[PDB]
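Starting off, we have a lone chain in the form deposited in one PDB entry, written out as structure tokens.
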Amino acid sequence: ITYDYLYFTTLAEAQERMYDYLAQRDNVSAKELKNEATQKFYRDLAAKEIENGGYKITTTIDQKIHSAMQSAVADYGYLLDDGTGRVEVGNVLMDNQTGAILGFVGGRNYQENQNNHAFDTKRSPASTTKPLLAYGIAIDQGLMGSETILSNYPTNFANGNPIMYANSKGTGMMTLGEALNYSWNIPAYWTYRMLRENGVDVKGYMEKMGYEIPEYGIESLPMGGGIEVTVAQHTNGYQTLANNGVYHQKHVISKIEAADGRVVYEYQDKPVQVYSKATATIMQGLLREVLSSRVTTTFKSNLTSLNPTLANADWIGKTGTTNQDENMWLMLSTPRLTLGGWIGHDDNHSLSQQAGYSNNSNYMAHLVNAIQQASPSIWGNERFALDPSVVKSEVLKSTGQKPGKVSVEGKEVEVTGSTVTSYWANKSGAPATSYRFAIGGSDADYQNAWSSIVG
């Protein structure tokens, strides 16, 4: 092993790669490998091979960074305790251009709890699902732009239960920016509904990033319902958005060599343009504001006080939470790296309402600071920027669509007013304003909306 959680995680992955190598070496057929007994033998053989084989296992781990991350959770992990008991944590630091994992946090203390919350435990991604499964895909399909309007008007699930956001049943129309900054749920619900109505191959996008979702026909899918992922895997999703839409598979083992040089295994990069560069860079701009607005996370404030120069780097991110309060997430990225973070309880009991907003945000600011102190230039000073392929459209702030004539239950009203630039990832850009100008909304909602617009 080159460069306790670290040892067991590295060992476990190396054993899996050794297993594949040995089975292939011995010419074991795909069928004879389906045998449970045979599988057990080869898994044990792989373990023994490493145990005393003198193999050279090269990992992607940056010693100084990983060590700094361990000292950080040791000294600052208590900042996560919010009064709902011992709060567990998982973090993964990933290189955006390669998918290599430079370091991670498996939990509060291995000696007290061996559960690896960075590589093994699967939890709902909650609201961090939105940029990837809903808004990102809608933008990529040319179904919406950066300033498109969405409905946050009250609405119910198919069973009559209202879609909630804390104790709020909703408000009204809002821009994608506001929807993302606050992480309102109804707009996400409508967006996914729109994708299914248009028959978009959502599964295709997610599978290209390695996500395994068993059922896509779920109303709350955009809010993380029906999805369970490890921090490592989810960090890979944000790595994709940060790396201008190009996915690079996560990995901790880069190569395994026998003592004599024979290559037992070696990571092979297989980049995939999941989202267009236009879509990815537009999302980066929206996620930059999610952090700057400080609506769902105090992160920017925390980091500014701890390391103002590092806070000036081009940070973008998204928080994750649901009405259940069982999982809090904060995904952060600079052009060079992505750091995923999850906190919660092993038995899934609820965290305090502000555990994600304050506690996890402060802890992660300390974690980010520790990483930078250990490796000064690792985060980078590069800026995320709009790809030149991005189409810019001048639209009304009220409708998120180009100015024009619209029929409002009689009479041809000339919809005009203040405008703003909206970014699109299609060819023609934003369409002319129509009566149903927003994503989602009932007939009544639109009556109320247009009443104000005209008013």
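Quick note: we count residues from 1 along the sequence shown, nothing fancier.
If you look for the form deposited with a partner chain bound, you will not find it shown, but the lines that follow are about it.
Chemist: Residues in which of 48-56, 424-432, 410-418, 387-395 have heavy atoms within 4.5 Å of the partner chain in the entry with it bound?
Modeler: Every other range fails; the passing one is 48-56.
Chemist: Find out whether any non-hydrogen atom of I61 is located within 4.5 angstroms of the partner chain in the entry with it bound, and reply yes or no.
Modeler: Because a heavy atom of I61 falls inside 4.5 Å of the partner chain in the entry with it bound, the answer is yes.
Chemist: Should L6 be counted as a contact of the partner chain in the entry with it bound, where contact means heavy atoms within 4.5 Å?
Modeler: Within the cut-off, so yes.
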